[PDB]
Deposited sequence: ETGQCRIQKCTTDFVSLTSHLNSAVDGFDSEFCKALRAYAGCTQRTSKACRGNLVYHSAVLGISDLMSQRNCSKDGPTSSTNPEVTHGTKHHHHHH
């Protein structure tokens, strides 16, 4: 089902625009099964917000 938890733990461990790009794809894959997920819909907004600040 919704796998944003797996995408998040994977990005958070990397952070401790190469990890953001990997996290943007991951969330776009599980996107279909995350259709009504609050933590996913915040992640889409979160990733988008870090693509502008810092811009890459």
query: Missing CA stretches, deposited numbering from 1, N-terminus first; finding: 1-3, 20-32, 73-96
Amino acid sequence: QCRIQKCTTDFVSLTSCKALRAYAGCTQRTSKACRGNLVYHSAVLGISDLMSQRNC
From here on, numbers count along this sequence of modelled residues.
{"item": "Selected stretch [higher average CA B-factor]: 17-25 or 42-50", "value": "17-25"}
{"item": "Comparing 6-14 with 32-40, the one whose average Cα B-factor in the PDB entry is higher", "value": "6-14"}
